[PDB]
Novice: 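Have a look at this one.
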Amino acid sequence: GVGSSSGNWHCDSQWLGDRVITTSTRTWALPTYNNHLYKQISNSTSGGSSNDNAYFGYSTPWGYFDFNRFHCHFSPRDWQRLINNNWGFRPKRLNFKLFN
Amino acid sequence: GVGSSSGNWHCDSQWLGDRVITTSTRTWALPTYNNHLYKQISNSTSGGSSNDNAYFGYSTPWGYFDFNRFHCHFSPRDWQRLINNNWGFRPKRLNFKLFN
Amino acid sequence: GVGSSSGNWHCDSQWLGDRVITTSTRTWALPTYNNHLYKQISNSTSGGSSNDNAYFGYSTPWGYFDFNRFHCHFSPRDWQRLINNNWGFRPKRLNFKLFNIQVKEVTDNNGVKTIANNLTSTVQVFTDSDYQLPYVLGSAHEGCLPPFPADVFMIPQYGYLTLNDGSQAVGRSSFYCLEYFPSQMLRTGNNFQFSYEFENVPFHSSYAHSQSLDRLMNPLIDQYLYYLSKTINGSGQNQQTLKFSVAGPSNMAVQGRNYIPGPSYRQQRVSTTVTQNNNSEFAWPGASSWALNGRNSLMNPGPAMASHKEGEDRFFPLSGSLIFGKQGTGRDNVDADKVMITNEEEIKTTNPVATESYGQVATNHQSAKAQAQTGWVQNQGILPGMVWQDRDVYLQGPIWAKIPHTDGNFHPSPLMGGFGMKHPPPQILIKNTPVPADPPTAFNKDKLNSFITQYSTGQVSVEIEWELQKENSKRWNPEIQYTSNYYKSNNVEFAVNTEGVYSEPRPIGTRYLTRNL
């Protein structure tokens, strides 16, 4: 419905023995890209360059979600906990939500 | 028996969730004190002093075991673990052995 | 009890189909090390040195048990059986026993030494089963069980190194107290034992190849591939052409192949005929080395490479092979007849020669002007499609090594030979418990400095079960076998002399049987 929220703000960390679960929530804005068009791009369209910098490709009207950085998930204090107390870590599970 | 050991050397620390168990083993030597006698002692026997330093008491032929210091139980690294990761601690249980 | 033995003498070998079980018992003596103290050591305490030799570490009052050599378990005859009849072997199980402990006290008057029993003293023993201590086994050190079962041996002292900056330490350096481990305490009458299962490791290759990597083709049939054979029609100007020929039995060097020899790291060549060597000092300056944090280390023995070409057995790589000492050989500047130089000639069929370039590569573009130019490859890393053999093991050599705990490694077979394991047989540490002399009759807070002089002796047993890999060759002609020579001599090889000294006259490898590629 229009007048009902689709989700809550979830942002904390839980340290559970040999596991740690991080949760992050952020506010995003998405514009219209490319005037809804697909465009061919190249160093020709960028103005030319040397051979080492030539390319050919496409830009799309879509955007994308990226969280491939550690500070997207760990606060500085949580990072301190992790690195001061552990020989190792690795990711196991992921859950992703898009709402409101 | 004469040819059988009465105990083993136990010295480590176990960190178990919200508990830590420290174990310490040391080698001790005990002499004969006072030539097996009880003696009355005082500042008179010590050579005299001011009023603020006067005393009267007894020395015994016995010795005693003391472990009332934190480094008797915690290695420096264990102390670092404790103080860098906890808001509090307190002692709960004690076990004491004398052997060999 | 005092009057009852804690174990028996077990020393033999059982050959049971595809298994062999070795058992060894020896008599050991353990002194008090360091006056019961931990001491910081460095090249400063050793007297200084160059930058390449600086270190920082600690010596401990503990000793340790090492049996990481093949002659600790195999008699020469058993080794002959193994290597003459098997393509492979590997260790599976281990059992360790320590028993018949005797602790003695020594009193030295003005002119007499008296040794007596101390029935109430203890020895402490423990295994580093969690691999929490620096692993000093796997550095080819002295102090293992002696090859001859009748020899009484002295237990070596434990020490370790940590991070150093010159002779100084950094904040990252670790100090380990071995009393901070739980250990078993033994009076005369107690014994100690434990069992261990080896990791799954590949069989060692106790065979040589009867084929060469460049000779794997049918010598009667052509290939269906062509090779460029001529680029000029003949003498004169403007004679350029392209001619192609079938690669066949007449030109085996240009045939297409699926697999290539393994990697290389070139060594300097030294002749045992000294007059053929250059009249200069090149032991250090001419040696191959690698650098780490500004320190140079010898590349020794380095990657497994063939020692020499055919008919050039007088040449050896400068630091590319294991050199053992003969019985009674000193430690400083001994002659070549006093040492035993091994040679890995059996792997010349897959591995490049240690003292040669790997090959040639193009280094330009030829055109109509520049001619075709090639360059020598002195060190070649791993390439896809490369095959190689590892270094052989010896009756006098090491058995296993601990793979360093790192993010990455490649083919972690130890470079001095043997089996590389992440969880090798654990270190076994032993120490005489200190017994103070008479303390003063007034309290003093300082640690006691006066101790009764003590040492200990006992028996140690190690039993290893090994799995064998038998040969089922279809070769018609007889194989090469390790054998004794009938010709008469003053002594018997692998025996004692008139003075009672046992010696091993030569190194014995494992590669006598043959296999195809």
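In what follows, chains carry the letters A, B, and so on, assigned in the order in which the sequence lines appear, proteins first and then strands, with residues in each chain numbered from 1.
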Novice: Check residues 422-432 of chain C and write down every donor-acceptor pair under 3.5 Å in which the side-chain atom is one partner and the other belongs to a residue at least two apart or another chain.
Specialist:
residue: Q427(C); atom: OE1; partner: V136(C); partner atom: N; Å: 3.1
residue: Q427(C); atom: NE2; partner: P134(C); partner atom: O; Å: 3.1
residue: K431(C); atom: NZ; partner: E179(C); partner atom: OE2; Å: 2.4
residue: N432(C); atom: OD1; partner: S456(C); partner atom: OG; Å: 2.5
residue: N432(C); atom: ND2; partner: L30(C); partner atom: O; Å: 3.3

Novice: What side chain to side chain donor-acceptor pair (under 3.5 Å) pairs are there with at least one residue in residues 89-100 of chain B, not counting sequence neighbours?
Specialist: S5(B)-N100(B), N95(B)-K97(B)
Novice: Ring pair (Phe, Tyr, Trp, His ring centres under 6.0 Å) with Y58(C): which of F56(C), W62(C), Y55(C)?
Specialist: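 With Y58(C) as partner, ring pair (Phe, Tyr, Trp, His ring centres under 6.0 Å) holds for just one option, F56(C).
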Novice: Please determine, by modelled atom types, if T122(C) and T433(C) share a side-chain donor-acceptor pair under 3.5 angstrom.
Specialist: yes
Novice: Would you please say whether a donor-acceptor pair under 3.5 Å links the side chains of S75(C) and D78(C)?
Specialist: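 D78(C) and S75(C) do have a side-chain donor-acceptor pair below 3.5 Å.
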Novice: Just checking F192(C) against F99(C), ring centres under 6.0 Å apart?
Specialist: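 They do not qualify: ring centres at least 6.0 Å apart.
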Novice: Measuring centre to centre across the rings, with the benzene-like ring taken for any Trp, is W466(C) within less than 6.0 Å of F74(C)?
Specialist: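 When the ring centroids of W466(C) and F74(C) are compared, they turn out to be within the sub-6.0 Å range.
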Novice: Quick test of your reading: applying ring pair (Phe, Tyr, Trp, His ring centres under 6.0 Å), list the pairs with at least one residue in residues 430-453 of chain C, sequence neighbours left out, ordered by first then second residue.
Specialist: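 Every ring pair (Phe, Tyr, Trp, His ring centres under 6.0 Å) pair that includes a residue of residues 430-453 of chain C, provided the two are not neighbours, is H36(C)-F451(C).
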Novice: How close do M340(C) and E504(C) get, heavy atom to heavy atom, and via which atoms?
Specialist: CE-O, 3.8 Å
Novice: What's the shortest heavy-atom distance between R69(C) and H73(C), and which atoms?
Specialist: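 Looking at all heavy atoms of both residues, the closest pair is O-CD2, 3.2 Å.
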Novice: Can a donor-acceptor pair be found between the side chains of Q157(C) and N34(C) at a distance below 3.5 Å?
Specialist: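 Indeed, the side chains of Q157(C) and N34(C) share at least one donor-acceptor pair under 3.5 Å.
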Novice: Evaluate the ring planes of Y502(C) and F494(C), with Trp represented by its six-membered ring, and classify them as parallel (under 30°), tilted (30 to 60°) or perpendicular (over 60°).
Specialist: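 Tilted.
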Novice: Any luck finding a side-chain donor-acceptor pair between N84(B) and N84(A) under 3.5 Å?
Specialist: no
Novice: Once rounded to the nearest 0.5 Å, what's the spacing between atom OG of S13(B) and atom CD1 of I21(B)?
Specialist: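 Between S13(B) OG and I21(B) CD1, I get 10.0 Å after rounding to 0.5 Å.
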Novice: Could you tell me if the ring centre of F198(C) sits under 6.0 Å from that of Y196(C)?
Specialist: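 So the answer is yes for these two rings.
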Novice: Do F65(C) and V462(C) come within less than 4.5 Å of each other through their side chains, counting heavy atoms only?
Specialist: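 They are not in side-chain contact.
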Novice: List in chain and number order the residues that pass side-chain contact (heavy atoms from CB on, under 4.5 Å) with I41(C), two or more places apart in sequence or in another chain; answer none if no residue qualifies.
Specialist: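 So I41(C) forms a side-chain contact (heavy atoms from CB on, under 4.5 Å) with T45(C), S59(C).
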Novice: Under a 4.5 Å cut-off applied to non-hydrogen side-chain atoms, are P61(C) and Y38(C) in contact?
Specialist: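 Touching, per the 4.5 Å side-chain cut-off.
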Novice: Does a donor on one side chain and an acceptor on the other come within less than 3.5 Å for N43(B) and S46(B)?
Specialist: no
Novice: For the residue pair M421(C) and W400(C), what are the closest heavy atoms and their distance?
Specialist: SD-CB, 4.3 Å
Novice: Could you work out, with salt bridge (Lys or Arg N to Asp or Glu O under 4.0 Å) as the rule, every residue matching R187(C), not counting sequence neighbours?
Specialist: none
Novice: Can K104(C) and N118(C) be counted as having a side-chain donor-acceptor contact under 3.5 angstrom?
Specialist: no
Novice: Checking ring pair (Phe, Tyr, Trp, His ring centres under 6.0 Å) between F70(C) and each of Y394(C), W79(C), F419(C), which is the one that passes?
Specialist: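 Only match with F70(C) under ring pair (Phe, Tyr, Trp, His ring centres under 6.0 Å): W79(C).
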Novice: Just by distance, no angles: are the side chains of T22(C) and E463(C) close enough, under 3.5 Å, to form a donor-acceptor pair?
Specialist: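 The criterion, which ignores hydrogens and geometry beyond distance, is not satisfied for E463(C) and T22(C).
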Novice: If we count only N and O atoms by modelled type, under 3.5 Å, do the side chains of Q459(C) and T25(C) hold a donor and an acceptor together?
Specialist: no
Novice: Pairing donors with acceptors under 3.5 angstrom, does anything connect the side chains of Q102(C) and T188(C)?
Specialist: no
Novice: Short question: side chain of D66(C), backbone of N68(C) - any donor-acceptor pair under 3.5 Å?
Specialist: yes
Novice: Checking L298(C) now: which residues fulfil side-chain contact (heavy atoms from CB on, under 4.5 Å) with it, not counting sequence neighbours?
Specialist: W284(C), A287(C), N300(C), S319(C)
Novice: Quick check on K338(C): does its NZ atom have over 12 non-hydrogen neighbours (other residues, nucleotides or ligands) under 6.0 Å away?
Specialist: no
